[PDB]
Every structure is written in C-alpha cells, then in structure tokens.
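Peer 1: Input file: target-v6.cif. Contents: mmCIF, N, CA and C atoms and all ligand atoms.
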data_protein
loop_
_atom_site.label_atom_id
_atom_site.label_comp_id
_atom_site.auth_asym_id
_atom_site.auth_seq_id
_atom_site.Cartn_x
_atom_site.Cartn_y
_atom_site.Cartn_z
N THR A 1 48.35 -94.13 -3.89
CA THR A 1 47.79 -93.84 -5.21
C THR A 1 47.37 -92.37 -5.41
N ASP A 2 47.42 -91.53 -4.36
CA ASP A 2 47.29 -90.07 -4.47
C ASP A 2 48.62 -89.33 -4.26
N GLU A 3 49.70 -90.06 -3.91
CA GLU A 3 51.00 -89.48 -3.56
C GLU A 3 52.13 -90.37 -4.11
N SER A 4 53.38 -89.87 -4.03
CA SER A 4 54.58 -90.60 -4.45
C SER A 4 55.69 -90.46 -3.40
N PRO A 5 56.79 -91.25 -3.47
CA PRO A 5 57.97 -91.04 -2.62
C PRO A 5 58.54 -89.62 -2.67
N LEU A 6 58.36 -88.91 -3.80
CA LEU A 6 58.63 -87.48 -3.91
C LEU A 6 57.30 -86.70 -3.89
N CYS A 7 57.22 -85.66 -3.05
CA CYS A 7 56.01 -84.86 -2.91
C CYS A 7 56.27 -83.36 -2.66
N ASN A 8 55.39 -82.54 -3.25
CA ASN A 8 55.20 -81.12 -2.97
C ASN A 8 56.48 -80.29 -3.20
N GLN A 9 57.29 -80.69 -4.19
CA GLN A 9 58.17 -79.76 -4.90
C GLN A 9 57.31 -78.65 -5.53
N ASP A 10 57.89 -77.45 -5.73
CA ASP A 10 57.16 -76.36 -6.37
C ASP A 10 56.89 -76.68 -7.85
N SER A 11 56.03 -75.87 -8.51
CA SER A 11 55.90 -75.90 -9.97
C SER A 11 57.22 -75.49 -10.64
N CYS A 12 57.37 -75.80 -11.93
CA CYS A 12 58.60 -75.55 -12.67
C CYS A 12 58.74 -74.06 -13.03
N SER A 13 58.98 -73.22 -12.02
CA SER A 13 59.15 -71.77 -12.18
C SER A 13 60.17 -71.23 -11.16
N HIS A 14 59.91 -71.41 -9.85
CA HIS A 14 60.76 -70.93 -8.76
C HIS A 14 62.12 -71.64 -8.76
N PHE A 15 63.13 -71.03 -9.42
CA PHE A 15 64.38 -71.69 -9.79
C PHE A 15 64.13 -73.05 -10.47
N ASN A 16 63.12 -73.10 -11.36
CA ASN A 16 62.58 -74.32 -11.97
C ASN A 16 62.16 -75.38 -10.94
N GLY A 17 61.55 -74.99 -9.81
CA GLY A 17 61.24 -75.91 -8.72
C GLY A 17 62.49 -76.49 -8.04
N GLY A 18 63.63 -75.80 -8.17
CA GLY A 18 64.93 -76.25 -7.70
C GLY A 18 65.77 -77.00 -8.74
N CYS A 19 65.19 -77.38 -9.89
CA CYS A 19 65.91 -78.08 -10.95
C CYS A 19 66.89 -77.13 -11.66
N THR A 20 68.13 -77.60 -11.96
CA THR A 20 69.15 -76.81 -12.66
C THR A 20 69.19 -77.08 -14.18
N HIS A 21 68.18 -77.79 -14.72
CA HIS A 21 68.14 -78.23 -16.13
C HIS A 21 66.71 -78.14 -16.71
N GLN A 22 66.45 -78.74 -17.89
CA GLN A 22 65.11 -78.79 -18.48
C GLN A 22 64.14 -79.52 -17.54
N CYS A 23 62.90 -79.00 -17.41
CA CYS A 23 62.02 -79.29 -16.28
C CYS A 23 60.53 -79.10 -16.61
N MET A 24 59.66 -79.80 -15.85
CA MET A 24 58.21 -79.62 -15.82
C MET A 24 57.65 -80.15 -14.49
N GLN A 25 56.35 -79.89 -14.21
CA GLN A 25 55.67 -80.49 -13.05
C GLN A 25 54.46 -81.35 -13.47
N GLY A 26 54.31 -82.51 -12.80
CA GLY A 26 53.01 -83.15 -12.60
C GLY A 26 52.32 -82.60 -11.35
N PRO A 27 51.11 -83.09 -10.98
CA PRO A 27 50.38 -82.59 -9.80
C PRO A 27 51.14 -82.72 -8.48
N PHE A 28 52.15 -83.62 -8.44
CA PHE A 28 52.95 -83.93 -7.27
C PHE A 28 54.11 -82.93 -7.06
N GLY A 29 54.46 -82.13 -8.08
CA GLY A 29 55.56 -81.17 -8.05
C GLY A 29 56.56 -81.35 -9.20
N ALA A 30 57.48 -80.39 -9.38
CA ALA A 30 58.45 -80.39 -10.48
C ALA A 30 59.57 -81.44 -10.34
N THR A 31 60.14 -81.84 -11.50
CA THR A 31 61.41 -82.56 -11.62
C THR A 31 62.19 -81.99 -12.80
N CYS A 32 63.51 -82.23 -12.85
CA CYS A 32 64.19 -82.20 -14.13
C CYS A 32 63.65 -83.33 -15.03
N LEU A 33 63.78 -83.15 -16.35
CA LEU A 33 63.68 -84.21 -17.35
C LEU A 33 64.77 -83.97 -18.39
N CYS A 34 65.85 -84.75 -18.29
CA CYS A 34 67.06 -84.53 -19.06
C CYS A 34 66.84 -84.85 -20.54
N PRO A 35 67.49 -84.11 -21.48
CA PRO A 35 67.38 -84.38 -22.92
C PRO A 35 68.12 -85.65 -23.33
N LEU A 36 68.06 -85.98 -24.63
CA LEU A 36 68.79 -87.12 -25.18
C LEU A 36 70.28 -86.99 -24.88
N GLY A 37 70.86 -88.07 -24.35
CA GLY A 37 72.28 -88.12 -24.03
C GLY A 37 72.60 -87.83 -22.56
N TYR A 38 71.61 -87.40 -21.75
CA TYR A 38 71.80 -87.13 -20.33
C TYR A 38 70.93 -88.04 -19.44
N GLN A 39 71.34 -88.23 -18.17
CA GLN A 39 70.57 -88.94 -17.16
C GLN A 39 70.31 -88.08 -15.92
N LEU A 40 69.20 -88.37 -15.21
CA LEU A 40 68.89 -87.77 -13.92
C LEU A 40 69.84 -88.30 -12.84
N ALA A 41 70.40 -87.38 -12.04
CA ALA A 41 71.11 -87.75 -10.82
C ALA A 41 70.13 -88.23 -9.74
N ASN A 42 70.69 -88.70 -8.60
CA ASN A 42 69.93 -89.06 -7.40
C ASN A 42 68.96 -87.95 -6.98
N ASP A 43 69.44 -86.70 -6.99
CA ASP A 43 68.70 -85.53 -6.52
C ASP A 43 67.45 -85.22 -7.36
N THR A 44 67.36 -85.75 -8.60
CA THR A 44 66.21 -85.58 -9.52
C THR A 44 65.97 -84.10 -9.92
N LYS A 45 66.87 -83.21 -9.46
CA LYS A 45 66.90 -81.78 -9.73
C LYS A 45 68.23 -81.36 -10.38
N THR A 46 69.01 -82.35 -10.87
CA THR A 46 70.17 -82.11 -11.72
C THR A 46 70.37 -83.29 -12.69
N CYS A 47 71.07 -83.00 -13.80
CA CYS A 47 71.33 -83.96 -14.88
C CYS A 47 72.85 -84.14 -15.05
N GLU A 48 73.27 -85.36 -15.45
CA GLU A 48 74.67 -85.69 -15.68
C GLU A 48 74.86 -86.35 -17.05
N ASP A 49 76.00 -86.05 -17.71
CA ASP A 49 76.34 -86.64 -19.00
C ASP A 49 76.46 -88.16 -18.88
N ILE A 50 75.77 -88.89 -19.77
CA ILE A 50 76.01 -90.32 -19.88
C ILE A 50 77.37 -90.55 -20.53
N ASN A 51 78.15 -91.48 -19.97
CA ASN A 51 79.35 -91.97 -20.62
C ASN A 51 78.90 -93.07 -21.59
N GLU A 52 78.53 -92.66 -22.81
CA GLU A 52 77.81 -93.55 -23.71
C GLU A 52 78.67 -94.74 -24.14
N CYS A 53 80.00 -94.65 -24.00
CA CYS A 53 80.85 -95.75 -24.43
C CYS A 53 81.76 -96.28 -23.32
N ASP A 54 81.34 -96.14 -22.06
CA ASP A 54 81.81 -97.04 -21.01
C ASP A 54 81.17 -98.42 -21.16
N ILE A 55 80.04 -98.48 -21.88
CA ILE A 55 79.38 -99.73 -22.21
C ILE A 55 80.22 -100.42 -23.28
N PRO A 56 80.65 -101.68 -23.07
CA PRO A 56 81.43 -102.39 -24.09
C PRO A 56 80.60 -102.66 -25.34
N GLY A 57 81.13 -102.23 -26.49
CA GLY A 57 80.53 -102.53 -27.78
C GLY A 57 79.52 -101.48 -28.25
N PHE A 58 79.37 -100.38 -27.51
CA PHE A 58 78.56 -99.26 -27.97
C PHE A 58 79.16 -98.69 -29.26
N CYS A 59 80.47 -98.45 -29.22
CA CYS A 59 81.26 -98.16 -30.41
C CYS A 59 82.09 -99.40 -30.75
N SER A 60 82.01 -99.83 -32.02
CA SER A 60 82.77 -100.98 -32.49
C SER A 60 84.28 -100.77 -32.33
N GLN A 61 84.74 -99.51 -32.40
CA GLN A 61 86.15 -99.19 -32.27
C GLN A 61 86.33 -97.92 -31.44
N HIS A 62 87.47 -97.24 -31.62
CA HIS A 62 87.89 -96.11 -30.82
C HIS A 62 86.72 -95.16 -30.55
N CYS A 63 86.60 -94.72 -29.29
CA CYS A 63 85.54 -93.82 -28.86
C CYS A 63 86.11 -92.73 -27.95
N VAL A 64 85.45 -91.57 -27.96
CA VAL A 64 85.69 -90.51 -26.99
C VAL A 64 84.34 -90.08 -26.42
N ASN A 65 84.34 -89.68 -25.15
CA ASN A 65 83.12 -89.23 -24.50
C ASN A 65 83.11 -87.70 -24.44
N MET A 66 81.93 -87.12 -24.71
CA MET A 66 81.73 -85.68 -24.65
C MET A 66 80.37 -85.40 -24.03
N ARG A 67 80.17 -84.16 -23.55
CA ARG A 67 78.97 -83.81 -22.81
C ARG A 67 77.73 -83.91 -23.71
N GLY A 68 76.88 -84.90 -23.41
CA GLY A 68 75.58 -85.06 -24.03
C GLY A 68 75.62 -85.83 -25.35
N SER A 69 76.80 -86.30 -25.77
CA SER A 69 76.92 -87.02 -27.03
C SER A 69 78.21 -87.85 -27.02
N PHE A 70 78.56 -88.42 -28.18
CA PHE A 70 79.77 -89.22 -28.34
C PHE A 70 80.34 -89.01 -29.74
N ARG A 71 81.61 -89.41 -29.92
CA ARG A 71 82.28 -89.36 -31.21
C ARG A 71 83.03 -90.67 -31.43
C1 LIG B 101 72.15 -92.96 -6.79
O1 LIG B 101 73.57 -93.08 -6.84
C2 LIG B 101 74.09 -94.43 -6.69
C3 LIG B 101 75.63 -94.37 -6.69
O2 LIG B 101 76.12 -93.62 -5.58
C4 LIG B 101 73.51 -95.30 -7.81
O3 LIG B 101 73.97 -96.65 -7.67
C5 LIG B 101 71.97 -95.30 -7.77
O4 LIG B 101 71.46 -96.10 -8.84
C6 LIG B 101 71.41 -93.87 -7.79
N1 LIG B 101 69.97 -93.84 -7.54
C7 LIG B 101 69.02 -94.11 -8.45
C8 LIG B 101 67.59 -93.83 -8.06
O5 LIG B 101 69.31 -94.58 -9.54
CA CA B 102 78.69 -88.20 -23.40
#
Translate this structure into structure tokens?
Ligand SMILES: *[C@@H]1O[C@H](CO)[C@@H](O)[C@H](O)[C@H]1NC(C)=O
Ligand SMILES: [Ca+2]
Peer 2:
Amino acid sequence: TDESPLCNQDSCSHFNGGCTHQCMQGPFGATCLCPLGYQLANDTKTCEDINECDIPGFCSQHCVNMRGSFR
C-alpha cells in the first residue's frame, strides 16, 4: 500500500522518465499515458496504435486502420 509492481522510475523529464510518448509521474515514478486511439505497450514507456476495427462490428461496413484513428 506504499509501493506498486512498478517503482522508482524518474519524474517525467529525463527522456520523459524513459517514456517515448505523452507522460506524467505519480509519487511512484513516471509512465506514458497514451491519448485517445492509442494503448500502452507491455513496457509502459511506449504507446501503440489500436487496430480499432479488428473488433468485429466496430464498423458496420468497410473499414481501414490508421495511426491513432479509423476511417
Ligand atoms: C503484453 O503482451 C502480451 C502479448 O505478447 C499481451 O497478451 C499482454 O496482455 C501484455 N501485457 C499487459 C499488461 O497487457
Ligand atoms: Ca488505428
């Protein structure tokens, strides 16, 4: 209750605490926090595009996937 499985990453400054995307820190250290349309990878210091229409029925008909959005 004073710690987490992730601990003592730097604050969101030194190469964003190692994050390659949008980022902040709680008292435990920095993480990425991906914008709308993106997800956190395993590493929690990088973000990946969601394939928003690999999900069946997200688009009623023809779909294309693009970085951070869909058409
Ligand atoms: C990490 O990647 C695997 C696929 O290699 C995925 O199944 C898993 O959900 C990921 N970890 C987390 C915390 O979601
Ligand atoms: Ca996308």
Peer 1: Compile the contact shell of residue 53 (chain A) as a list in words: residues with an atom at most 7 Å away, counting all atoms listed in the file, same-chain residues fewer than 6 positions apart removed.
Peer 2: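 In the requested format, the answer is residues 59, 63, 64, 65 and 70 of chain A.
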Peer 1: Could you tell me, counting only N, CA and C atoms and all ligand atoms, which protein and nucleic acid residues lie no more than 8 Å from ligand LIG 101 (chain B), written as a PyMOL selection string?
Peer 2: chain A and resi 40-43
Peer 1: Pick out the residues no farther than 6.5 Å from ligand CA 102 (chain B), counting only N, CA and C atoms and all ligand atoms, and list them as JSON, numbers by chain.
Peer 2: {"A": [37, 49, 50, 51, 52, 65, 66, 67, 68, 69, 70]}
Peer 1: Name the residues in contact with residue 11 (chain A) at a cut-off of 6.5 Å, using all atoms listed in the file, excluding same-chain residues fewer than 4 positions from it; report them as a PyMOL selection string.
Peer 2: chain A and resi 16-17+24-25+29-30
Peer 1: Could you give me, as a VMD selection string, the residues that have an atom at most 6 Å away from the point (56.1, -86.7, -8.3) in the coordinates of the file, using all atoms listed in the file?
Peer 2: chain A and resid 4 6 to 7 28 to 29
Peer 1: Check region 3-41 of chain A with DSSP on the backbone and list each residue it calls helix (DSSP H, G or I), as a PyMOL selection string.
Peer 2: chain A and resi 14-18
Peer 1: What does the structure give for the distance between CA of residue 48 (chain A) and CA of residue 15 (chain A), in Å to one decimal?
Peer 2: 18.3 Å
Peer 1: With only N, CA and C atoms counted, which protein, DNA or RNA residues have an atom no more than 6.5 Å from (69.2, -82.4, -19.7) in the file frame? Please answer as number ranges by chain.
Peer 2: A: 21-22, 33-36, 38-39, 47
Peer 1: With 8 Å added on each side, what axis-aligned box encloses every listed atom of region 13-29 of chain A? Give the centre and edge lengths in Å to one decimal, as lines of an AutoDock Vina configuration file.
Peer 2:
center_x = 59.8
center_y = -77.4
center_z = -12.8
size_x = 34.8
size_y = 29.0
size_z = 27.4
Peer 1: Just how far from atom C of residue 8 (chain A) is atom C of residue 20 (chain A), in Å to one decimal?
Peer 2: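 Going from atom C of residue 20 (chain A) over to atom C of residue 8 (chain A), I get 17.1 Å.
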Peer 1: Name the residues in contact with residue 18 (chain A) at a cut-off of 8 Å, using all atoms listed in the file, excluding same-chain residues fewer than 4 positions from it; report them as an MDAnalysis selection string.
Peer 2: chainID A and resid 9:14 30:32 44:46
Peer 1: Give me, as number ranges by chain, the residues of region 9-69 of chain A that a backbone DSSP run labels strand (DSSP E).
Peer 2: A: 23-26, 29-32, 38-40, 47-49, 65-66, 69
Peer 1: Take the residues from that selection and write them out as a PDB file, in the frame of the given file, keeping N, CA and C atoms.
Peer 2:
ATOM      1  N   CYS A  23      62.900 -79.000 -17.410  1.00  0.00           N
ATOM      2  CA  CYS A  23      62.020 -79.290 -16.280  1.00  0.00           C
ATOM      3  C   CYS A  23      60.530 -79.100 -16.610  1.00  0.00           C
ATOM      4  N   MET A  24      59.660 -79.800 -15.850  1.00  0.00           N
ATOM      5  CA  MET A  24      58.210 -79.620 -15.820  1.00  0.00           C
ATOM      6  C   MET A  24      57.650 -80.150 -14.490  1.00  0.00           C
ATOM      7  N   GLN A  25      56.350 -79.890 -14.210  1.00  0.00           N
ATOM      8  CA  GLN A  25      55.670 -80.490 -13.050  1.00  0.00           C
ATOM      9  C   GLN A  25      54.460 -81.350 -13.470  1.00  0.00           C
ATOM     10  N   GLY A  26      54.310 -82.510 -12.800  1.00  0.00           N
ATOM     11  CA  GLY A  26      53.010 -83.150 -12.600  1.00  0.00           C
ATOM     12  C   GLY A  26      52.320 -82.600 -11.350  1.00  0.00           C
ATOM     13  N   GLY A  29      54.460 -82.130  -8.080  1.00  0.00           N
ATOM     14  CA  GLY A  29      55.560 -81.170  -8.050  1.00  0.00           C
ATOM     15  C   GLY A  29      56.560 -81.350  -9.200  1.00  0.00           C
ATOM     16  N   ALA A  30      57.480 -80.390  -9.380  1.00  0.00           N
ATOM     17  CA  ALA A  30      58.450 -80.390 -10.480  1.00  0.00           C
ATOM     18  C   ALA A  30      59.570 -81.440 -10.340  1.00  0.00           C
ATOM     19  N   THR A  31      60.140 -81.840 -11.500  1.00  0.00           N
ATOM     20  CA  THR A  31      61.410 -82.560 -11.620  1.00  0.00           C
ATOM     21  C   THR A  31      62.190 -81.990 -12.800  1.00  0.00           C
ATOM     22  N   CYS A  32      63.510 -82.230 -12.850  1.00  0.00           N
ATOM     23  CA  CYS A  32      64.190 -82.200 -14.130  1.00  0.00           C
ATOM     24  C   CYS A  32      63.650 -83.330 -15.030  1.00  0.00           C
ATOM     25  N   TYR A  38      71.610 -87.400 -21.750  1.00  0.00           N
ATOM     26  CA  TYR A  38      71.800 -87.130 -20.330  1.00  0.00           C
ATOM     27  C   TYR A  38      70.930 -88.040 -19.440  1.00  0.00           C
ATOM     28  N   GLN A  39      71.340 -88.230 -18.170  1.00  0.00           N
ATOM     29  CA  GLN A  39      70.570 -88.940 -17.160  1.00  0.00           C
ATOM     30  C   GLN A  39      70.310 -88.080 -15.920  1.00  0.00           C
ATOM     31  N   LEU A  40      69.200 -88.370 -15.210  1.00  0.00           N
ATOM     32  CA  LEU A  40      68.890 -87.770 -13.920  1.00  0.00           C
ATOM     33  C   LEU A  40      69.840 -88.300 -12.840  1.00  0.00           C
ATOM     34  N   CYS A  47      71.070 -83.000 -13.800  1.00  0.00           N
ATOM     35  CA  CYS A  47      71.330 -83.960 -14.880  1.00  0.00           C
ATOM     36  C   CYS A  47      72.850 -84.140 -15.050  1.00  0.00           C
ATOM     37  N   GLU A  48      73.270 -85.360 -15.450  1.00  0.00           N
ATOM     38  CA  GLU A  48      74.670 -85.690 -15.680  1.00  0.00           C
ATOM     39  C   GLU A  48      74.860 -86.350 -17.050  1.00  0.00           C
ATOM     40  N   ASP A  49      76.000 -86.050 -17.710  1.00  0.00           N
ATOM     41  CA  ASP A  49      76.340 -86.640 -19.000  1.00  0.00           C
ATOM     42  C   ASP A  49      76.460 -88.160 -18.880  1.00  0.00           C
ATOM     43  N   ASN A  65      84.340 -89.680 -25.150  1.00  0.00           N
ATOM     44  CA  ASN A  65      83.120 -89.230 -24.500  1.00  0.00           C
ATOM     45  C   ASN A  65      83.110 -87.700 -24.440  1.00  0.00           C
ATOM     46  N   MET A  66      81.930 -87.120 -24.710  1.00  0.00           N
ATOM     47  CA  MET A  66      81.730 -85.680 -24.650  1.00  0.00           C
ATOM     48  C   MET A  66      80.370 -85.400 -24.030  1.00  0.00           C
ATOM     49  N   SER A  69      76.800 -86.300 -25.770  1.00  0.00           N
ATOM     50  CA  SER A  69      76.920 -87.020 -27.030  1.00  0.00           C
ATOM     51  C   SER A  69      78.210 -87.850 -27.020  1.00  0.00           C
TER      52      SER A  69
END
Peer 1: Please, what distance in Å, to one decimal, runs between atom N of residue 58 (chain A) and atom C of residue 71 (chain A)?
Peer 2: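 Interatomic distance, atom N of residue 58 (chain A) to atom C of residue 71 (chain A): 11.1 Å.
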Peer 1: Please complete region 1-25 of chain A with N, CA, C and O atoms and give it back as a PDB file, in the coordinates of the input.
Peer 2:
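Full text of out03.pdb as output:
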ATOM      1  N   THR A   1      48.350 -94.130  -3.890  1.00  0.00           N
ATOM      2  CA  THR A   1      47.790 -93.840  -5.210  1.00  0.00           C
ATOM      3  C   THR A   1      47.370 -92.370  -5.410  1.00  0.00           C
ATOM      4  O   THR A   1      47.037 -91.986  -6.535  1.00  0.00           O
ATOM      5  N   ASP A   2      47.420 -91.530  -4.360  1.00  0.00           N
ATOM      6  CA  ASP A   2      47.290 -90.070  -4.470  1.00  0.00           C
ATOM      7  C   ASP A   2      48.620 -89.330  -4.260  1.00  0.00           C
ATOM      8  O   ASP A   2      48.673 -88.099  -4.364  1.00  0.00           O
ATOM      9  N   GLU A   3      49.700 -90.060  -3.910  1.00  0.00           N
ATOM     10  CA  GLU A   3      51.000 -89.480  -3.560  1.00  0.00           C
ATOM     11  C   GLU A   3      52.130 -90.370  -4.110  1.00  0.00           C
ATOM     12  O   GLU A   3      51.888 -91.475  -4.608  1.00  0.00           O
ATOM     13  N   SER A   4      53.380 -89.870  -4.030  1.00  0.00           N
ATOM     14  CA  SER A   4      54.580 -90.600  -4.450  1.00  0.00           C
ATOM     15  C   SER A   4      55.690 -90.460  -3.400  1.00  0.00           C
ATOM     16  O   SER A   4      55.579 -89.642  -2.488  1.00  0.00           O
ATOM     17  N   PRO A   5      56.790 -91.250  -3.470  1.00  0.00           N
ATOM     18  CA  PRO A   5      57.970 -91.040  -2.620  1.00  0.00           C
ATOM     19  C   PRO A   5      58.540 -89.620  -2.670  1.00  0.00           C
ATOM     20  O   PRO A   5      59.120 -89.172  -1.679  1.00  0.00           O
ATOM     21  N   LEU A   6      58.360 -88.910  -3.800  1.00  0.00           N
ATOM     22  CA  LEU A   6      58.630 -87.480  -3.910  1.00  0.00           C
ATOM     23  C   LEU A   6      57.300 -86.700  -3.890  1.00  0.00           C
ATOM     24  O   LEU A   6      56.373 -87.048  -4.626  1.00  0.00           O
ATOM     25  N   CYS A   7      57.220 -85.660  -3.050  1.00  0.00           N
ATOM     26  CA  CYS A   7      56.010 -84.860  -2.910  1.00  0.00           C
ATOM     27  C   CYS A   7      56.270 -83.360  -2.660  1.00  0.00           C
ATOM     28  O   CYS A   7      57.186 -82.986  -1.914  1.00  0.00           O
ATOM     29  N   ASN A   8      55.390 -82.540  -3.250  1.00  0.00           N
ATOM     30  CA  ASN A   8      55.200 -81.120  -2.970  1.00  0.00           C
ATOM     31  C   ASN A   8      56.480 -80.290  -3.200  1.00  0.00           C
ATOM     32  O   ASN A   8      56.690 -79.243  -2.575  1.00  0.00           O
ATOM     33  N   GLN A   9      57.290 -80.690  -4.190  1.00  0.00           N
ATOM     34  CA  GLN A   9      58.170 -79.760  -4.900  1.00  0.00           C
ATOM     35  C   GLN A   9      57.310 -78.650  -5.530  1.00  0.00           C
ATOM     36  O   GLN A   9      56.148 -78.871  -5.871  1.00  0.00           O
ATOM     37  N   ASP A  10      57.890 -77.450  -5.730  1.00  0.00           N
ATOM     38  CA  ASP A  10      57.160 -76.360  -6.370  1.00  0.00           C
ATOM     39  C   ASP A  10      56.890 -76.680  -7.850  1.00  0.00           C
ATOM     40  O   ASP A  10      57.411 -77.648  -8.405  1.00  0.00           O
ATOM     41  N   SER A  11      56.030 -75.870  -8.510  1.00  0.00           N
ATOM     42  CA  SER A  11      55.900 -75.900  -9.970  1.00  0.00           C
ATOM     43  C   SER A  11      57.220 -75.490 -10.640  1.00  0.00           C
ATOM     44  O   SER A  11      58.105 -74.907 -10.003  1.00  0.00           O
ATOM     45  N   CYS A  12      57.370 -75.800 -11.930  1.00  0.00           N
ATOM     46  CA  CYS A  12      58.600 -75.550 -12.670  1.00  0.00           C
ATOM     47  C   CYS A  12      58.740 -74.060 -13.030  1.00  0.00           C
ATOM     48  O   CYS A  12      58.674 -73.684 -14.207  1.00  0.00           O
ATOM     49  N   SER A  13      58.980 -73.220 -12.020  1.00  0.00           N
ATOM     50  CA  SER A  13      59.150 -71.770 -12.180  1.00  0.00           C
ATOM     51  C   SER A  13      60.170 -71.230 -11.160  1.00  0.00           C
ATOM     52  O   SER A  13      61.215 -70.708 -11.553  1.00  0.00           O
ATOM     53  N   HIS A  14      59.910 -71.410  -9.850  1.00  0.00           N
ATOM     54  CA  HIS A  14      60.760 -70.930  -8.760  1.00  0.00           C
ATOM     55  C   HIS A  14      62.120 -71.640  -8.760  1.00  0.00           C
ATOM     56  O   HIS A  14      62.242 -72.748  -8.240  1.00  0.00           O
ATOM     57  N   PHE A  15      63.130 -71.030  -9.420  1.00  0.00           N
ATOM     58  CA  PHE A  15      64.380 -71.690  -9.790  1.00  0.00           C
ATOM     59  C   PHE A  15      64.130 -73.050 -10.470  1.00  0.00           C
ATOM     60  O   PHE A  15      64.819 -74.033 -10.168  1.00  0.00           O
ATOM     61  N   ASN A  16      63.120 -73.100 -11.360  1.00  0.00           N
ATOM     62  CA  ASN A  16      62.580 -74.320 -11.970  1.00  0.00           C
ATOM     63  C   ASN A  16      62.160 -75.380 -10.940  1.00  0.00           C
ATOM     64  O   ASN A  16      62.380 -76.581 -11.151  1.00  0.00           O
ATOM     65  N   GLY A  17      61.550 -74.990  -9.810  1.00  0.00           N
ATOM     66  CA  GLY A  17      61.240 -75.910  -8.720  1.00  0.00           C
ATOM     67  C   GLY A  17      62.490 -76.490  -8.040  1.00  0.00           C
ATOM     68  O   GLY A  17      62.424 -77.555  -7.425  1.00  0.00           O
ATOM     69  N   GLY A  18      63.630 -75.800  -8.170  1.00  0.00           N
ATOM     70  CA  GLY A  18      64.930 -76.250  -7.700  1.00  0.00           C
ATOM     71  C   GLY A  18      65.770 -77.000  -8.740  1.00  0.00           C
ATOM     72  O   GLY A  18      66.948 -77.252  -8.495  1.00  0.00           O
ATOM     73  N   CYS A  19      65.190 -77.380  -9.890  1.00  0.00           N
ATOM     74  CA  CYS A  19      65.910 -78.080 -10.950  1.00  0.00           C
ATOM     75  C   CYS A  19      66.890 -77.130 -11.660  1.00  0.00           C
ATOM     76  O   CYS A  19      66.552 -76.002 -12.011  1.00  0.00           O
ATOM     77  N   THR A  20      68.130 -77.600 -11.960  1.00  0.00           N
ATOM     78  CA  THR A  20      69.150 -76.810 -12.660  1.00  0.00           C
ATOM     79  C   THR A  20      69.190 -77.080 -14.180  1.00  0.00           C
ATOM     80  O   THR A  20      70.085 -76.592 -14.883  1.00  0.00           O
ATOM     81  N   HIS A  21      68.180 -77.790 -14.720  1.00  0.00           N
ATOM     82  CA  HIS A  21      68.140 -78.230 -16.130  1.00  0.00           C
ATOM     83  C   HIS A  21      66.710 -78.140 -16.710  1.00  0.00           C
ATOM     84  O   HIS A  21      65.836 -77.516 -16.112  1.00  0.00           O
ATOM     85  N   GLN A  22      66.450 -78.740 -17.890  1.00  0.00           N
ATOM     86  CA  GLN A  22      65.110 -78.790 -18.480  1.00  0.00           C
ATOM     87  C   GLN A  22      64.140 -79.520 -17.540  1.00  0.00           C
ATOM     88  O   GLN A  22      64.509 -80.510 -16.904  1.00  0.00           O
ATOM     89  N   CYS A  23      62.900 -79.000 -17.410  1.00  0.00           N
ATOM     90  CA  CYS A  23      62.020 -79.290 -16.280  1.00  0.00           C
ATOM     91  C   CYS A  23      60.530 -79.100 -16.610  1.00  0.00           C
ATOM     92  O   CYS A  23      60.157 -78.340 -17.510  1.00  0.00           O
ATOM     93  N   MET A  24      59.660 -79.800 -15.850  1.00  0.00           N
ATOM     94  CA  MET A  24      58.210 -79.620 -15.820  1.00  0.00           C
ATOM     95  C   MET A  24      57.650 -80.150 -14.490  1.00  0.00           C
ATOM     96  O   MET A  24      58.363 -80.814 -13.732  1.00  0.00           O
ATOM     97  N   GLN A  25      56.350 -79.890 -14.210  1.00  0.00           N
ATOM     98  CA  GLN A  25      55.670 -80.490 -13.050  1.00  0.00           C
ATOM     99  C   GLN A  25      54.460 -81.350 -13.470  1.00  0.00           C
ATOM    100  O   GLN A  25      53.661 -80.984 -14.330  1.00  0.00           O
TER     101      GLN A  25
END
